[PDB]
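Those sequence lines, one after another, are chains H and O. As numbered in the authors' numbering, the first sequence has no gaps in its residue numbers, which increase by one up to the final residue, 451. As numbered in the authors' numbering, the second sequence has no gaps in its residue numbers, which increase by one up to the final residue, 347.
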Amino acid sequence: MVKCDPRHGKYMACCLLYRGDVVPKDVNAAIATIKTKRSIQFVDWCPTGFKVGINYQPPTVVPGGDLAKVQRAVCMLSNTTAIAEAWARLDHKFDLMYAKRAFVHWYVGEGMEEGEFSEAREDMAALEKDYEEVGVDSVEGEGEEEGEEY
Amino acid sequence: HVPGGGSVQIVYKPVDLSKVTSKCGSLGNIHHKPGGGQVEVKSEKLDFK
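Now the structure itself:
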């Protein structure tokens, strides 16, 4: 439900909120396949990776509603370097529009200083770099292993 | 008189990521700690003196 492809990043973590008619041993097997299923890759420093909750109650029905009746349901919530695609997109869009200072004056008439906008970009620049710092696998072979790129 | 306007300047400015600085705990390490003591010190050979 956010339109970045999750396969670009690796997962820092997943939470899965399961509902209604759920047997825990079916959650076990599933997450044991997913934790070895090779399309789902996790960061090198979260070998645990997961948080469940199992609720007895399913979702309910709605009059004139848009979603239908299920005996069981799942929300997932997930954090992954994949969302950096958006940081890169503000980094793109600001470097288009603010580079020519278009629409700045409406902000400046309304209690901003151009100095805060400048700061908030630099915090964003630091944040995509903070996102790029965490996703990478751990320092290994440095100084000791033969070269791989030629 | 010479008509056709004087001159007007564009609003355009260069861009940079300011060599920005943050915290990193992971960057402060490259090596793992050595292991604990795997060796017995209590054992005795039971010689009758």
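For each residue, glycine too, the CB sits at the ideal point set by N, CA and C.
Start and end residues, alpha helix (DSSP H) containing residue i
i: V435/H; result: 415 to 436
i: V306/O; result: Run containing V306/O: none; DSSP gives neither H nor E here.
i: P332/O; result: Unbroken run through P332/O: none, as it is neither H nor E.
i: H393/H; result: 385 to 398
i: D327/H; result: 325 to 335
i: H299/O; result: Neither: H299/O is in no alpha helix (DSSP H) and is coded neither H nor E.
i: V409/H; result: 405 to 409
Opposing strand residues paired with residue i [DSSP bridges]
i: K352/H; result: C316/H
i: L378/H; result: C316/H
i: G321/H; result: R373/H
Residues near residue i by beta carbon distance below 6 Å, same chain, minus five either side
i: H309/H; result: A383
Short CB-CB distance (under 7 Å) between residue i and chain O
i: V440/H; result: yes
i: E434/H; result: yes
Chain H within 7 Å of residue i, Cβ atoms only
i: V339/O; result: no
i: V309/O; result: yes
i: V306/O; result: no
i: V300/O; result: no
i: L344/O; result: no
Cutoff 7 Å; reference residue i; Cβ partners in own chain excluding five residues on either side
i: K370/H; result: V362
i: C376/H; result: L318
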